[PDB]
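File shown: final08.cif. Contents: mmCIF, C-alpha atoms and all ligand atoms.
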data_data
#
loop_
_atom_site.label_atom_id
_atom_site.label_comp_id
_atom_site.auth_asym_id
_atom_site.auth_seq_id
_atom_site.Cartn_x
_atom_site.Cartn_y
_atom_site.Cartn_z
CA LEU A 10 5.57 234.63 -78.90
CA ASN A 11 6.01 237.30 -76.12
CA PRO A 12 8.69 235.36 -74.18
CA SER A 13 8.96 238.04 -71.45
CA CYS A 14 5.21 237.51 -70.74
CA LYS A 15 4.84 241.29 -70.42
CA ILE A 16 1.48 243.08 -70.60
CA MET A 17 0.81 244.05 -74.24
CA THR A 18 -1.10 247.08 -75.48
CA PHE A 19 -2.96 246.84 -78.79
CA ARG A 20 -3.97 249.79 -80.97
CA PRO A 21 -6.39 248.52 -83.65
CA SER A 22 -7.58 250.51 -86.59
CA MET A 23 -11.35 250.71 -87.04
CA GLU A 24 -11.11 247.90 -89.61
CA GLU A 25 -9.25 245.66 -87.14
CA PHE A 26 -11.48 246.65 -84.26
CA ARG A 27 -14.92 245.89 -85.70
CA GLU A 28 -14.99 242.18 -84.78
CA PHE A 29 -14.08 241.33 -81.18
CA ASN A 30 -13.75 237.55 -81.55
CA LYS A 31 -11.41 237.82 -84.50
CA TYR A 32 -9.28 240.46 -82.76
CA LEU A 33 -8.97 238.39 -79.59
CA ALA A 34 -7.68 235.54 -81.73
CA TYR A 35 -5.19 237.98 -83.28
CA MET A 36 -4.07 239.10 -79.78
CA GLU A 37 -3.39 235.54 -78.68
CA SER A 38 -1.51 234.89 -81.95
CA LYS A 39 0.91 237.68 -80.73
CA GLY A 40 1.25 236.08 -77.26
CA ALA A 41 -0.98 238.55 -75.38
CA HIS A 42 -2.34 235.80 -73.12
CA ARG A 43 1.05 234.89 -71.67
CA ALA A 44 0.96 237.98 -69.45
CA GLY A 45 -2.51 237.17 -68.11
CA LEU A 46 -3.72 240.66 -68.98
CA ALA A 47 -3.78 242.91 -72.04
CA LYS A 48 -4.91 246.38 -72.98
CA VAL A 49 -6.83 247.39 -76.05
CA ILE A 50 -7.16 251.00 -77.02
CA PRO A 51 -9.94 251.53 -79.51
CA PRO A 52 -9.71 254.00 -82.37
CA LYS A 53 -10.52 257.58 -81.31
CA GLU A 54 -13.73 257.74 -83.43
CA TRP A 55 -15.40 254.87 -81.56
CA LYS A 56 -17.74 255.98 -78.77
CA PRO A 57 -19.90 253.42 -76.95
CA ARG A 58 -22.07 256.10 -75.30
CA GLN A 59 -22.63 259.60 -76.70
CA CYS A 60 -23.42 261.32 -73.39
CA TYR A 61 -22.73 260.10 -69.83
CA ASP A 62 -24.62 262.90 -68.05
CA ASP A 63 -27.67 260.66 -67.40
CA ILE A 64 -25.61 258.09 -65.50
CA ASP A 65 -25.61 260.48 -62.51
CA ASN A 66 -29.25 259.42 -61.87
CA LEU A 67 -28.45 255.73 -61.60
CA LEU A 68 -28.91 254.11 -58.17
CA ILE A 69 -26.12 252.20 -56.47
CA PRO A 70 -28.41 250.11 -54.31
CA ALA A 71 -25.70 248.47 -52.17
CA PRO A 72 -22.47 250.48 -51.80
CA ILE A 73 -19.69 248.68 -49.95
CA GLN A 74 -17.17 250.17 -47.51
CA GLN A 75 -13.82 248.23 -47.68
CA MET A 76 -12.14 247.49 -44.36
CA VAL A 77 -8.46 246.59 -44.85
CA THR A 78 -6.30 245.12 -42.09
CA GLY A 79 -2.58 244.35 -42.11
CA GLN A 80 0.88 245.74 -42.70
CA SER A 81 4.06 245.46 -44.73
CA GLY A 82 2.39 244.47 -47.99
CA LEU A 83 0.08 241.80 -46.53
CA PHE A 84 -3.60 242.59 -45.83
CA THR A 85 -7.05 241.06 -45.46
CA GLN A 86 -10.23 242.93 -46.27
CA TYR A 87 -13.91 242.70 -45.19
CA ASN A 88 -16.99 244.57 -46.36
CA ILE A 89 -19.64 246.72 -44.71
CA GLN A 90 -22.94 247.34 -46.55
CA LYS A 91 -23.89 251.02 -46.65
CA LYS A 92 -27.23 252.72 -47.55
CA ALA A 93 -28.21 253.10 -51.20
CA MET A 94 -27.06 256.25 -53.00
CA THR A 95 -27.17 257.74 -56.49
CA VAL A 96 -24.05 257.92 -58.66
CA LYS A 97 -24.26 261.72 -58.24
CA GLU A 98 -24.11 261.36 -54.46
CA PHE A 99 -21.34 258.80 -54.80
CA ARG A 100 -19.26 261.05 -57.03
CA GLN A 101 -19.75 264.01 -54.68
CA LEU A 102 -18.68 261.75 -51.82
CA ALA A 103 -15.64 260.54 -53.79
CA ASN A 104 -14.45 264.08 -54.58
CA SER A 105 -14.72 265.26 -50.97
CA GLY A 106 -11.61 265.92 -48.87
CA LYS A 107 -12.11 262.74 -46.86
CA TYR A 108 -12.14 260.45 -49.92
CA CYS A 109 -10.47 262.29 -52.83
CA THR A 110 -7.32 261.21 -54.60
CA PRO A 111 -4.24 262.57 -52.76
CA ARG A 112 -1.79 264.99 -54.43
CA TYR A 113 0.82 262.98 -56.46
CA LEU A 114 3.64 263.35 -58.99
CA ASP A 115 3.02 260.46 -61.35
CA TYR A 116 1.40 257.01 -61.36
CA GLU A 117 4.38 255.41 -59.56
CA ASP A 118 4.06 258.00 -56.81
CA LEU A 119 0.32 257.30 -56.43
CA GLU A 120 1.02 253.55 -56.34
CA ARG A 121 3.32 254.14 -53.33
CA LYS A 122 0.62 256.21 -51.68
CA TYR A 123 -2.02 253.48 -52.16
CA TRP A 124 0.09 250.83 -50.39
CA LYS A 125 1.14 253.25 -47.62
CA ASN A 126 -2.47 254.50 -46.80
CA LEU A 127 -4.60 251.35 -47.18
CA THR A 128 -5.33 251.12 -43.42
CA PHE A 129 -6.47 254.69 -42.86
CA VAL A 130 -9.81 255.97 -44.28
CA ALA A 131 -11.99 253.09 -45.60
CA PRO A 132 -13.08 253.69 -49.18
CA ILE A 133 -16.52 252.90 -50.63
CA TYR A 134 -17.47 251.33 -53.97
CA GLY A 135 -20.54 250.22 -55.90
CA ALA A 136 -20.19 246.85 -57.67
CA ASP A 137 -22.19 244.08 -59.36
CA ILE A 138 -24.89 246.38 -60.67
CA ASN A 139 -26.58 244.44 -63.50
CA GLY A 140 -26.51 246.55 -66.64
CA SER A 141 -24.68 248.14 -69.52
CA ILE A 142 -24.44 251.80 -70.31
CA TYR A 143 -23.66 251.43 -74.03
CA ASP A 144 -26.04 253.25 -76.38
CA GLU A 145 -28.49 251.09 -78.28
CA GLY A 146 -27.16 249.70 -81.59
CA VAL A 147 -23.42 249.91 -80.75
CA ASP A 148 -22.43 246.53 -82.22
CA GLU A 149 -18.62 246.60 -81.73
CA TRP A 150 -17.21 245.18 -78.48
CA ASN A 151 -20.61 245.16 -76.86
CA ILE A 152 -19.95 243.73 -73.41
CA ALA A 153 -23.68 242.84 -73.10
CA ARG A 154 -23.34 240.31 -75.92
CA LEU A 155 -19.87 239.30 -77.03
CA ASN A 156 -21.28 236.02 -78.29
CA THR A 157 -18.53 233.61 -77.25
CA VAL A 158 -18.65 229.86 -76.64
CA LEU A 159 -20.35 230.63 -73.30
CA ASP A 160 -23.33 232.04 -75.14
CA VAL A 161 -23.34 229.23 -77.72
CA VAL A 162 -23.93 226.53 -75.08
CA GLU A 163 -26.39 228.67 -73.07
CA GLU A 164 -28.60 229.42 -76.05
CA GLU A 165 -28.18 226.32 -78.19
CA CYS A 166 -27.82 223.74 -75.34
CA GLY A 167 -29.77 225.28 -72.43
CA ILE A 168 -26.79 225.31 -70.06
CA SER A 169 -26.73 227.86 -67.24
CA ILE A 170 -23.82 230.30 -67.28
CA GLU A 171 -24.88 231.52 -63.83
CA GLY A 172 -25.05 235.18 -64.82
CA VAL A 173 -21.28 235.61 -65.45
CA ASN A 174 -21.70 236.41 -69.21
CA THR A 175 -24.03 239.36 -68.58
CA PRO A 176 -22.77 242.98 -68.01
CA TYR A 177 -21.95 244.55 -64.64
CA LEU A 178 -21.28 248.16 -63.68
CA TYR A 179 -18.71 249.26 -61.10
CA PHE A 180 -18.25 252.68 -59.51
CA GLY A 181 -14.88 253.29 -57.85
CA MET A 182 -13.28 255.99 -55.79
CA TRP A 183 -9.66 256.57 -54.73
CA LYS A 184 -8.14 253.63 -52.93
CA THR A 185 -10.87 251.07 -53.73
CA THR A 186 -9.16 247.71 -53.99
CA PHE A 187 -9.65 244.67 -56.10
CA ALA A 188 -7.88 241.84 -54.35
CA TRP A 189 -5.86 239.01 -56.00
CA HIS A 190 -8.05 236.63 -58.02
CA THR A 191 -8.67 234.76 -61.17
CA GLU A 192 -12.18 234.88 -62.62
CA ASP A 193 -14.97 232.47 -61.83
CA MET A 194 -14.17 229.08 -63.42
CA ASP A 195 -10.89 230.73 -64.51
CA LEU A 196 -12.73 232.39 -67.41
CA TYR A 197 -11.58 235.42 -69.38
CA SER A 198 -12.85 238.87 -68.45
CA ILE A 199 -13.25 242.17 -70.25
CA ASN A 200 -13.40 245.57 -68.58
CA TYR A 201 -14.18 248.92 -70.27
CA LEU A 202 -13.47 252.09 -68.28
CA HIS A 203 -16.31 254.40 -69.39
CA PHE A 204 -15.36 257.63 -67.62
CA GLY A 205 -13.48 259.19 -64.74
CA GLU A 206 -10.18 258.37 -63.07
CA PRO A 207 -7.79 255.53 -64.04
CA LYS A 208 -7.51 251.98 -62.66
CA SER A 209 -4.08 250.43 -61.98
CA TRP A 210 -3.73 246.69 -62.52
CA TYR A 211 -1.25 244.02 -61.49
CA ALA A 212 -1.11 240.72 -63.36
CA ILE A 213 0.80 237.50 -62.91
CA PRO A 214 1.41 235.18 -65.91
CA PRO A 215 -0.88 232.09 -65.89
CA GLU A 216 2.26 229.94 -66.01
CA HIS A 217 3.12 231.29 -62.49
CA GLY A 218 -0.38 231.11 -60.95
CA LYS A 219 0.35 228.07 -58.79
CA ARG A 220 3.37 229.89 -57.36
CA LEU A 221 1.27 232.87 -56.28
CA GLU A 222 -1.13 230.39 -54.65
CA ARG A 223 1.64 228.66 -52.71
CA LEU A 224 2.90 232.03 -51.48
CA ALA A 225 -0.57 233.21 -50.46
CA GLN A 226 -0.97 229.90 -48.59
CA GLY A 227 2.24 230.60 -46.70
CA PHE A 228 1.29 234.13 -45.67
CA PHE A 229 -2.43 233.58 -45.09
CA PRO A 230 -2.47 230.05 -43.58
CA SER A 231 -5.75 230.49 -41.66
CA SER A 232 -7.60 231.71 -44.76
CA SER A 233 -6.08 228.71 -46.56
CA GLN A 234 -7.01 226.09 -43.96
CA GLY A 235 -10.60 227.41 -44.33
CA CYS A 236 -10.92 227.29 -48.14
CA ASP A 237 -9.09 225.39 -50.92
CA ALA A 238 -9.69 228.36 -53.24
CA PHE A 239 -9.78 231.21 -50.64
CA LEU A 240 -8.33 233.82 -53.05
CA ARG A 241 -11.71 233.53 -54.81
CA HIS A 242 -13.22 235.35 -51.81
CA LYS A 243 -11.34 238.45 -53.19
CA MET A 244 -10.25 239.54 -49.75
CA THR A 245 -6.47 238.91 -49.95
CA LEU A 246 -4.08 241.84 -50.76
CA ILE A 247 -0.39 241.29 -51.55
CA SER A 248 1.84 244.20 -52.59
CA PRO A 249 4.31 244.19 -55.50
CA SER A 250 7.16 244.58 -52.97
CA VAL A 251 6.26 241.22 -51.46
CA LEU A 252 5.88 239.59 -54.92
CA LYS A 253 9.40 240.78 -55.92
CA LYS A 254 10.89 239.64 -52.65
CA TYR A 255 9.54 236.06 -53.08
CA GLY A 256 10.25 235.67 -56.77
CA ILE A 257 6.76 235.90 -58.22
CA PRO A 258 6.89 237.54 -61.64
CA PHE A 259 4.25 240.17 -62.35
CA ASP A 260 3.68 243.36 -64.36
CA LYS A 261 1.58 246.49 -63.90
CA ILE A 262 -0.26 248.83 -66.16
CA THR A 263 -2.68 251.68 -65.81
CA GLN A 264 -6.00 251.65 -67.64
CA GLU A 265 -7.37 255.10 -68.64
CA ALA A 266 -10.88 256.10 -69.52
CA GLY A 267 -11.88 254.68 -72.92
CA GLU A 268 -9.53 251.68 -72.69
CA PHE A 269 -10.36 247.96 -72.45
CA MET A 270 -8.52 245.49 -70.30
CA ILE A 271 -8.84 241.80 -70.95
CA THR A 272 -7.83 239.14 -68.39
CA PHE A 273 -6.95 235.61 -69.65
CA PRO A 274 -7.70 232.23 -68.17
CA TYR A 275 -5.95 231.72 -64.82
CA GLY A 276 -4.21 235.13 -65.03
CA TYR A 277 -4.14 236.25 -61.44
CA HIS A 278 -4.86 239.98 -61.23
CA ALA A 279 -5.47 242.79 -58.70
CA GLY A 280 -5.41 246.57 -58.54
CA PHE A 281 -6.81 249.86 -57.26
CA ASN A 282 -8.82 252.81 -58.49
CA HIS A 283 -7.20 256.24 -58.70
CA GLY A 284 -10.40 258.19 -58.08
CA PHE A 285 -14.06 258.43 -59.04
CA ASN A 286 -14.82 256.26 -62.04
CA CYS A 287 -17.26 253.97 -63.90
CA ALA A 288 -16.51 250.66 -65.56
CA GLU A 289 -18.46 247.82 -67.17
CA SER A 290 -17.41 244.20 -67.30
CA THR A 291 -18.36 240.61 -68.01
CA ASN A 292 -16.84 237.16 -68.36
CA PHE A 293 -16.43 235.16 -71.55
CA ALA A 294 -14.66 232.08 -72.94
CA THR A 295 -12.97 230.65 -76.03
CA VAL A 296 -12.16 227.02 -76.88
CA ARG A 297 -8.69 227.44 -75.28
CA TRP A 298 -10.45 228.10 -71.90
CA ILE A 299 -12.11 224.71 -71.76
CA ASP A 300 -8.99 222.97 -70.47
CA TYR A 301 -8.67 225.54 -67.63
CA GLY A 302 -12.39 225.28 -66.73
CA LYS A 303 -12.01 221.49 -66.40
CA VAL A 304 -9.27 221.86 -63.74
CA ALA A 305 -10.40 225.05 -61.99
CA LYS A 306 -10.03 224.91 -58.20
CA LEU A 307 -13.40 225.95 -56.71
CA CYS A 308 -14.49 227.60 -53.42
CA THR A 309 -15.35 224.76 -51.02
CA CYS A 310 -16.72 226.88 -48.14
CA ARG A 311 -20.01 228.55 -49.22
CA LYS A 312 -22.72 227.27 -51.62
CA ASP A 313 -23.31 230.74 -53.13
CA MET A 314 -20.44 230.54 -55.63
CA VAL A 315 -20.26 230.12 -59.38
CA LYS A 316 -19.86 226.63 -60.75
CA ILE A 317 -20.48 225.87 -64.41
CA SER A 318 -20.72 222.35 -65.69
CA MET A 319 -17.94 221.56 -68.21
CA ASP A 320 -19.62 218.52 -69.67
CA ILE A 321 -21.19 220.35 -72.68
CA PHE A 322 -17.96 222.14 -73.59
CA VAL A 323 -16.00 218.91 -73.61
CA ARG A 324 -18.66 216.98 -75.52
CA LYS A 325 -19.05 219.72 -78.17
CA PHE A 326 -15.51 221.11 -78.61
CA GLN A 327 -13.33 218.19 -77.39
CA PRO A 328 -15.25 215.18 -78.70
CA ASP A 329 -12.06 213.13 -79.11
CA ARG A 330 -11.38 213.47 -75.36
CA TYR A 331 -14.92 213.29 -73.95
CA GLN A 332 -15.02 209.59 -73.02
CA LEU A 333 -11.53 209.79 -71.52
CA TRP A 334 -12.58 212.80 -69.58
CA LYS A 335 -15.76 211.24 -68.19
CA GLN A 336 -13.63 208.30 -67.15
CA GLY A 337 -11.50 210.74 -65.16
CA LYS A 338 -8.48 209.76 -67.27
CA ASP A 339 -8.13 213.09 -69.16
CA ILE A 340 -5.11 214.12 -67.12
CA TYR A 341 -2.82 216.74 -68.57
CA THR A 342 -0.76 219.76 -67.66
CA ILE A 343 -1.76 222.97 -69.43
CA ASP A 344 0.76 224.60 -71.74
CA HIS A 345 -0.03 228.27 -71.02
CA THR A 346 1.93 229.65 -73.97
CA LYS A 347 0.01 227.84 -76.66
CL CL A 401 -3.02 264.96 -50.19
CL CL A 402 -4.29 258.67 -49.35
CL CL A 403 -13.53 230.15 -79.66
CL CL A 404 -22.63 216.26 -79.26
FE FE A 405 -11.04 240.03 -62.27
ZN ZN A 406 -14.37 229.58 -50.08
#

Translate the structure of the given file into structure tokens.
Ligand SMILES: [Cl-]
Ligand SMILES: [Cl-]
Ligand SMILES: [Cl-]
Ligand SMILES: [Cl-]
Ligand SMILES: [Fe+3]
Ligand SMILES: [Zn+2]
Amino acid sequence: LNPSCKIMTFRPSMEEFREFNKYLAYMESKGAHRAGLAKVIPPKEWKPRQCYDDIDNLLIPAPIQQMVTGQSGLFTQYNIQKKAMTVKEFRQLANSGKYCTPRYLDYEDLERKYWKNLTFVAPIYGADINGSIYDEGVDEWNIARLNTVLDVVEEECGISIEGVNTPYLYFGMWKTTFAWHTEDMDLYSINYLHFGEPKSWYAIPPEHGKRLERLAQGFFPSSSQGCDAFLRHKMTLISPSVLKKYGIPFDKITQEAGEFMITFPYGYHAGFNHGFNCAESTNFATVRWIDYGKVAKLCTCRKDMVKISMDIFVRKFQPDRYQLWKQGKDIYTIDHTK
């Protein structure tokens, strides 16, 4: 049941691990989803790539420098496009004195340092590189093809998933931020940290998502007047000190190399990288998502955003509600625990 909605860590055996879709179902049966985020640590024998040495030669065609502005736990961010570089160049940049992780005592100490130094040197990341770095033939937890209900409708019904169910690579350095968001269409996400330094995550229970939104609206009124789903721009930073102060429940956890993090529908999350690293991610869905997708608040201020038609999912997996829904009389409030 997980009534504290705390972030759960799972440690499957090889036998439990083999089949992603079954294990996700297990995780939700233990209440993992209530926290909005969960960690899965695979068995020690499982290795998605034998050698990472080659990844040095990969090009980051569009690195981004993150420009953070604000104070006292509230910040807005904008991006500057830098020249293309290799991962090798990026790593060497990341480990230089200008950009390297500071000295610290423990993860709590480093967390304080992140929030206290956000507006000094601007860090650089590489994101949204199409690709997977799993070895060929690795069939467990293959982010390139998890084969969820998103793939079923794409392949069997010719519906466009708008590229969200394909794999992306991310290269972080110290202090790179991921601002507060839920996923496109409030889908699930999965993130595997291949190598390098840890990522720290914050998550807010889906049952408190609307409360985070109301608070963001209060503190970032101009951003809000501009877009009904502005947090989707991923440019809004809010510190845990502010969340505590205004009564928004949340939890944090640190993801180490070799660990998966899964985000759940409408689980607001954010975080920062500890240092040079490489991660791979994608979006996916289950039947339980369909109700969130149907009510997802979309970005109303630029046409280059992801919108997926929910018609097929309702027709196929909610046939008893389809007519009602097309009448615009399928009105409900989601029970996030169930
Ligand atoms: Cl230092
Ligand atoms: Cl620093
Ligand atoms: Cl499903
Ligand atoms: Cl049908
Ligand atoms: Fe995310
Ligand atoms: Zn917008």

Nearby residues, ligand ZN 406 (chain A), 10 Å, only C-alpha atoms and all ligand atoms, as a list in words: residues 232, 233, 235, 236, 237, 238, 239, 240, 241, 242, 243, 307, 308, 309, 310, 311, 312, 313 and 314 of chain A

Contact residues around region 189-204 of chain A with only C-alpha atoms at 9 Å, ignoring same-chain residues under 4 positions, as a PyMOL selection string: chain A and resi 57-58+61+142+152+173+208+211-212+240-247+264-280+285-295+298-299+301-307+314-317

Of the listed residues A:111, A:337, A:132, A:51, that which approaches ligand CL 401 (chain A) most closely, counting all atoms listed in the file: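 For ligand CL 401 (chain A), the nearest of the candidates is A:111.
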
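Minimum atom-to-atom distance to ligand CL 404 (chain A), evaluated using all atoms listed in the file, belongs to A:162 out of A:296, A:10, A:251, A:162.
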
Straight-line distance linking CA of residue 166 (chain A) with atom CL of ligand CL 404 (chain A), stated in Å to one decimal: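 Atom CL of ligand CL 404 (chain A) lies 9.9 Å from CA of residue 166 (chain A).
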
Computed interatomic separation between CA of residue 16 (chain A) and CA of residue 347 (chain A) (Å): 16.5 Å

Shell of 10 Å around ligand CL 404 (chain A) (only C-alpha atoms and all ligand atoms), written as a list in words: residues 166, 321, 322, 323, 324, 325, 326, 327, 328 and 331 of chain A

Surrounding residues as number ranges by chain, ligand CL 401 (chain A), max 9 Å, all atoms listed in the file: A: 106, 109-113

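Taking CA of residue 126 (chain A) and CA of residue 184 (chain A) as the two end points, the separation is 8.4 Å.
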
Which of A:257, A:340, A:188, A:41 sits closest to ligand FE 405 (chain A) [using only C-alpha atoms and all ligand atoms]: A:188

Test item: residues lying within 12 Å of ligand CL 402 (chain A) with all atoms listed in the file, as a ChimeraX atom specification: /A:106-113,118-132,182-185,282-284

Just-selected residues, C-alpha atoms written as a short mmCIF file (atom, residue, chain, number, x, y, z; two decimals), in the coordinates of the input:
data_model
loop_
_atom_site.label_atom_id
_atom_site.label_comp_id
_atom_site.auth_asym_id
_atom_site.auth_seq_id
_atom_site.Cartn_x
_atom_site.Cartn_y
_atom_site.Cartn_z
CA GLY A 106 -11.61 265.92 -48.87
CA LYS A 107 -12.11 262.74 -46.86
CA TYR A 108 -12.14 260.45 -49.92
CA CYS A 109 -10.47 262.29 -52.83
CA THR A 110 -7.32 261.21 -54.60
CA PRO A 111 -4.24 262.57 -52.76
CA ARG A 112 -1.79 264.99 -54.43
CA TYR A 113 0.82 262.98 -56.46
CA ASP A 118 4.06 258.00 -56.81
CA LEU A 119 0.32 257.30 -56.43
CA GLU A 120 1.02 253.55 -56.34
CA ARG A 121 3.32 254.14 -53.33
CA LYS A 122 0.62 256.21 -51.68
CA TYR A 123 -2.02 253.48 -52.16
CA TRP A 124 0.09 250.83 -50.39
CA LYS A 125 1.14 253.25 -47.62
CA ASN A 126 -2.47 254.50 -46.80
CA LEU A 127 -4.60 251.35 -47.18
CA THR A 128 -5.33 251.12 -43.42
CA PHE A 129 -6.47 254.69 -42.86
CA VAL A 130 -9.81 255.97 -44.28
CA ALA A 131 -11.99 253.09 -45.60
CA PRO A 132 -13.08 253.69 -49.18
CA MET A 182 -13.28 255.99 -55.79
CA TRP A 183 -9.66 256.57 -54.73
CA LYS A 184 -8.14 253.63 -52.93
CA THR A 185 -10.87 251.07 -53.73
CA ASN A 282 -8.82 252.81 -58.49
CA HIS A 283 -7.20 256.24 -58.70
CA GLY A 284 -10.40 258.19 -58.08
#

Nearest-residue call for residue 155 (chain A), choices A:175, A:26, A:69, A:91, using all atoms listed in the file: A:175

Taking all atoms of region 226-236 of chain A that appear in the file, build a box with edges along x, y and z, extend it by 4 Å on every side, and state its centre and edge lengths in Å to one decimal, as AutoDock Vina command-line options.
--center_x -4.3 --center_y 230.1 --center_z -45.1 --size_x 21.2 --size_y 16.0 --size_z 14.9

Nearest-residue call for ligand FE 405 (chain A), choices A:227, A:181, A:45, A:52, using only C-alpha atoms and all ligand atoms: A:45

Among the residues A:159, A:114, A:262, A:343, the one that comes closest to ligand CL 403 (chain A) [using all atoms listed in the file]: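 The shortest atom-to-atom distance to ligand CL 403 (chain A) comes from A:159.
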
Name the residues in contact with residue 224 (chain A) at a cut-off of 9 Å, using all atoms listed in the file, excluding same-chain residues fewer than 3 positions from it; report them as a CSV table (one decimal) with C-alpha atoms, keeping the file's coordinate frame.
chain,number,residue,atom,x,y,z
A,219,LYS,CA,0.4,228.1,-58.8
A,220,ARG,CA,3.4,229.9,-57.4
A,221,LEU,CA,1.3,232.9,-56.3
A,227,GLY,CA,2.2,230.6,-46.7
A,228,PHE,CA,1.3,234.1,-45.7
A,229,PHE,CA,-2.4,233.6,-45.1
A,252,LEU,CA,5.9,239.6,-54.9
A,255,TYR,CA,9.5,236.1,-53.1
A,257,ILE,CA,6.8,235.9,-58.2
